[PDB]
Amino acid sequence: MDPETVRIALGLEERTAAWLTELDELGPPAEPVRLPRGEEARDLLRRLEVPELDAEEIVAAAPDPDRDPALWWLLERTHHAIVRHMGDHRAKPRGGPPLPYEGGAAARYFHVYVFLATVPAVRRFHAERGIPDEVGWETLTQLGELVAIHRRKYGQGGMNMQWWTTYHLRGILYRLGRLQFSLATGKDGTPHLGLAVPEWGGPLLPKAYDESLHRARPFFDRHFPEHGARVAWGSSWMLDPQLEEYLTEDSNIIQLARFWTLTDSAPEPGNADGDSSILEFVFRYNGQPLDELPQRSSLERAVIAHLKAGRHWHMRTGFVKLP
């Protein structure tokens, strides 16, 4: 097939042509793409903590090389475009575009199939690096979380955070308890660990946070000795000191942010860029009227109150030294 035919068949925007040309030139992977089917697929989906409802739908809709040639072409080359960068944190996280939902369940779950097809490769990388099996699996379970988030946010099954799953699938991000850490470098190339907080796993309790931080250096110094990070860096809505107006002293965010050193300038008050981040993480916001959003927790009330006041939330950036 030619990339222009794929693009048109799938309903992809003209802007995606450059990507599709890239994938055309890259070509199919050496190891042909194998989707697990039936109970094998159900076992794997369950290991990845995909909710039963979605998993059943994913297995049912799994595409076929003959009936779904344009989708299959893209699946092969998308998988290839990820594994070509296995272990490589200097490559940008390009997981490809979402597919228009007019293509049905196979289109909606496209990047789930990409993830399933890529599990063997990343698990082989885990083994090569000596990563414990339980760490490897715990890392990959964010698939289930992201699938569940799609359904909460949009109302039907899907997974549209494929740019983020490129980190898990390239073996450059690991969940070490409550927190995740990625191999990363600063602008000047200095190694650090990028810290992230997955939704699943309960509150960000200080003891759980502290345990993850203690795990970081021993883990990376053992399995990625060439990296040598000494600090963790984070950019997040959670680091915005404006939260202190609204959250109490029992807030996990407030207690733990006190350990962080913010390295960006105080943002302009009129800068509205951080609003969409806090709305995504607190509400999985999808354009609905602010009055319609829940108000059960102090943070929910806080986000809306601040916005109602004509004020803005800001992503802030900082670091903590690794113990």
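All residue numbers are counted from 1 along the displayed sequence.
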Once average C-alpha B-factors are taken from the entry for 234-242 and 170-178, the winner is 234-242
On mean C-alpha B-factor from the PDB entry, just flag whether 311-319 or 16-24 is the higher one. 16-24
Check the PDB entry and point out which of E199, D250, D210, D133 has the largest C-alpha temperature factor. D250
Selection by C-alpha B-factor (highest) of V50, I278, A257, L35: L35
Using the B-factors in the PDB entry, rank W73's C-alpha atom against the chain and give the third, lowest, middle or highest. highest
